[PDB]
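What follows is each chain in one-letter form.
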Amino acid sequence: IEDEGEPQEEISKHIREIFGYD
Amino acid sequence: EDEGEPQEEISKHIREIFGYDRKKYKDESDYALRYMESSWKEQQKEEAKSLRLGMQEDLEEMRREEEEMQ
Amino acid sequence: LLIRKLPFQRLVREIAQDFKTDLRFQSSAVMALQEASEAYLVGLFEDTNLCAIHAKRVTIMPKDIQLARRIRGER
Amino acid sequence: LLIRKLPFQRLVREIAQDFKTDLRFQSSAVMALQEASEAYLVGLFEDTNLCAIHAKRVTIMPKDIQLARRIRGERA
Amino acid sequence: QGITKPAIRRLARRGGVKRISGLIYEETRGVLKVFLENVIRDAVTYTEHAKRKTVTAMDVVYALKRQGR
Amino acid sequence: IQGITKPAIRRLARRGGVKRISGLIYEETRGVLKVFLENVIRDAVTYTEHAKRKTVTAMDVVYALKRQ
């Protein structure tokens, strides 16, 4: 299956998400 | 040496979660029964003022800005 | 205490059945929900009214409730 | 990021020193800190501003901030 | 409908409000519905994931651990 | 100390949507920014002392964040 994707190595995207942020 | 009294502790906790209180519960006049809703003219006069004030507030601040700039 | 116990339960039963098919709930459990729901709306109005007055107003409106919620995070 | 990197590190450092005296921080751990602080402050300002709006105003006052904090749960 | 109109008044005056618009009554109901939706849903999950027969106070009380206010 | 420059603030505020700023927002924003850190590290440390670890990783911040 080609149904698993691939990364970028940034964890910050989670913090952006903890508060909601563009 | 160490002790308490009542037996309904699963509720008096729930209230504690939200900060609810026993105290203002004996003075229950009917105000709430009947004097508590506002005439649609009254609501619209209130926004009228809410509005006026907001703008004045905004402007005095801009003026303040001038003073601060110099 | 301050909602009538009856129609509240009617509201409770309904929402369980509205998704969980024939899930049962205890008595002392709804006497906990109501006691909570009451206590909350109160909490909420405390805040609703803050925005009321924040706006330089008196009579509270939906805008006031809704904002209050939007700040707390809620749908 | 949007706060300057150096002047942020120093602040974290002063507080960190305060509790505890022995104290050491990882490099990405401080990075993570900054990226939070901004996210939060933007989070905060969007709320703050919409209490400015609620007041039918444009300029934001501390009173707006303060409200947005009381309503969430932030002390003081 | 969902709740006793005058109840939501008394609930408000406890909140400390002295004046409301007619529009409030509906809005309040809505807000409760979704409150209730949210908590009972989470009370259920407390009773299932403890294999327990069906819901009780402490399911609720646990489900309420979601609130500073 | 408080080297959180005023135009740093404006960048964020505006990122928030803010369109005009009272002059006192600076001191205020500063005050809160401190408090946020003051007790997000306070609570991160504790996630690192409780692994008897030397220094604090990002990961233990993310943990101290989620409490907030």
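Residues numbered from 1 in each chain as written, not as in the entry; some residues may be left out. Chains lettered and ligands numbered in written order. Heavy atoms only, no water. Residues with missing side-chain atoms left out of burial classes, pairs and counts.

Its PDB header names X-ray crystallography as the technique used to obtain the model and reports a resolution of 3.30 Å.

Caption draft 1: Examining the overall build of chain C more closely. Within chain C, the regular secondary structure consists of 3 helices and 0 strands. Sequence-ordered secondary structure for chain C, helices as α and strands as β, is α-α-α. The C-alpha radius of gyration of chain C comes to 16 Å, more than 25% above the 11 Å expected for a compact globule of 75 residues. Once the C-alpha set of chain C is aligned to its principal axes, its extents read approximately 45 × 25 × 15 Å. Contacts in chain C between residues at least 24 apart in sequence constitute 47% of all its contacts with a sequence separation of at least 6. (Helix = DSSP H or I, 4+ residues; strand = E, 2+ residues; numbered from the N terminus. Rg over C-alpha atoms; globule rule 2.2 N^0.38 Å. Contact = heavy atoms within 4.5 Å.)

Caption draft 2: Looking closely at the interface of chain E and chain C. With 34 residues of chain E in contact, the opposing surface of chain C contributes 34 residues. Among the secondary structure elements, those contributing two or more residues to the side of chain E that touches chain C are α1 (5-15), α2 (24-48) and α3 (57-63) of chain E. Looking at the side of chain E that touches chain C element by element, the count peaks at 12 residues for α2(E). Here the residues of the side of chain E that touches chain C are counted per class, giving 20 nonpolar, 7 polar and 7 charged. (Nonpolar A, V, L, I, M, F, W, Y, C, P; charged D, E, K, R; others polar.)

Caption draft 3: Up close: the interface of chain D and chain C. The interface is formed by 13 residues belonging to chain D together with 14 residues belonging to chain C. Among the elements of the structure, α2 (27-54) and α3 (62-72) of chain D are those that each provide at least two residues to the side of chain D that touches chain C. Counting residues per element, the side of chain D that touches chain C draws most heavily on α3(D), at 7 residues. For the side of chain D that touches chain C, a count of residues per class yields 6 nonpolar, 1 polar and 6 charged.

Caption draft 4: Expanded view of the packing of aromatic side chains. Considering the side-chain rings of B:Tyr31 and B:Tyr35, the 6.2 Å spacing of their centres and the 55° angle between planes classify their relative orientation as tilted. Each residue in the set A:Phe19, D:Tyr40 and F:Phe36 is aromatic and connected to the rest through ring pairs, giving one cluster. The ring of E:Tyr25 carries the charged tip of E:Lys5 above its face, separated from the ring centre by 4.6 Å. Of note, E:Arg41 hangs over the ring of C:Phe19, and the distance from its end group to the ring centre comes to 5.0 Å. (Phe/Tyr/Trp six-rings, centres within 6.5 Å; stacked < 30°, edge-to-face > 60°. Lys NZ or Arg CZ within 6 Å of the ring centre and 35° of its normal.)

Caption draft 5: Layout of the pattern of salt bridges. Close ionic contact of B:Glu28 with E:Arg14 constitutes a salt bridge, the shortest N to O distance being 2.6 Å. With one member in each of two chains, B:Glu28 in the loop between α1 (9-18) and α2 (31-34) and E:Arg14 in helix α1 form a pair that bridges those chains. Put simply, C:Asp64 and C:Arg57 hold a salt bridge, and the shortest N to O gap is 2.5 Å. (Salt bridge = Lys/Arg side-chain N within 4 Å of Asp/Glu carboxyl O.)

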